[PDB]
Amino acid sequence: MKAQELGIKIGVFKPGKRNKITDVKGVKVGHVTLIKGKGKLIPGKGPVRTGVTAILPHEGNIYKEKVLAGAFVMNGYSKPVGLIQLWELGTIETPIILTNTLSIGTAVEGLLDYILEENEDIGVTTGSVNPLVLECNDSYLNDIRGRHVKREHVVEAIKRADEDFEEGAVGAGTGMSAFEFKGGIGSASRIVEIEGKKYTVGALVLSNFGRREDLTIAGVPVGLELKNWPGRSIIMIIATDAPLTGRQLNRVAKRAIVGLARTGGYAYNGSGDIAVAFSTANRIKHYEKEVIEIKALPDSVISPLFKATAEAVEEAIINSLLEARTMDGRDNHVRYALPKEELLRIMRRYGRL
């Protein structure tokens, strides 16, 4: 299942009750999984191995009630939508959508179907809207040229978002590959106490990176040890309830790369590594016109959040592997789930259980 149930300890901070990004009160996650067909690749028909994942900053109208946010592009061989305004205004005003590289257009169409329905004032009595869509390429297993994600799928994922969500090869992670093993959706969280108050840092990742040899789990070179085992980009979403300004949240997003690096993420040329981070502490009203007060921790005290963020991403990445199920896709390509029995053998070998 997850790292802890296998005796694998990542970091020093304790996890949240769910040990998921939803440990941040109000955060919701929904999926729509699309699996169909088997065999030779039939460009435009299948096999289909993809889906949609939605992340909701909170339970209400994200456009009317925005949240401060930040983001960092470790390597831009990615096709994200909406980061420019996010950086300019420091806010997120729509649910966060994740899907495959060739379905971002479709995703935007679906995300808008949802947004416009919730806000009929957009484009008439008020301004436009900044849909936020990020992705990963699931071409190894999925008929990506087919663009099998439908606009209704995006609305469905949003409406399905809940506190508890499945991990592994579901939603946007359905046909993803990592370390030449089955990748996908992974999640984890951490609790930290700063000047008396307890804050939560959650992480949800869409893993689809690394060569088999790069895999590093709790410092153990499992990847190298699994060199010839059969079967032969990443979006990191960070959420926290700690009060932070948009500038600070860009700092937070950078730290996600620390957890990425520790699992063997080298950010090769073609790996779209991007991190988005937001806080639920300050809600920005779309129509506000008077001076406001933004609650924020002084930078001198947020180091714990920086570390917890690295820890969260690192385990989240590992969890996407531990939760993934073996899978076959286009052209009979197969991606086996990281072999858990062999993994335990290796962890004990390097005395780390």
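A residue's number is simply how far along the shown sequence it sits, counting from 1.
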Just how many deposited residues go unmodelled from residue 232 to residue 233: none, 1 to 3, 4 to 9, or 10 or more?
4 to 9
Segment of higher mean CA temperature factor, 103-111 or 68-76:
103-111
315-323 set against 288-296, stretch whose average Cα temperature factor tops the other in the entry:
288-296
Looking at 135, 93, 273, 193, which has the highest Cα B-factor in the entry?
193
Please work out which residue in 117, 214, 180, 88 has the highest C-alpha B-factor recorded for this crystal structure.
117
Report the third (lowest, middle or highest) to which the CA temperature factor of residue 221 belongs, ranking only the modelled residues of the same chain.
middle
Ranked against its chain, the third holding the CA B-factor of residue 20:
lowest
Ranking every modelled residue in this chain by its Cα temperature factor as given in the entry, which third contains residue 145?
middle
Using the temperature factors of the C-alpha atoms in this entry, rank residue 128 within its chain: lowest, middle or highest third.
middle
Quick one: classify residue 310 as lowest, middle or highest third of the chain based on its Cα B-factor.
lowest
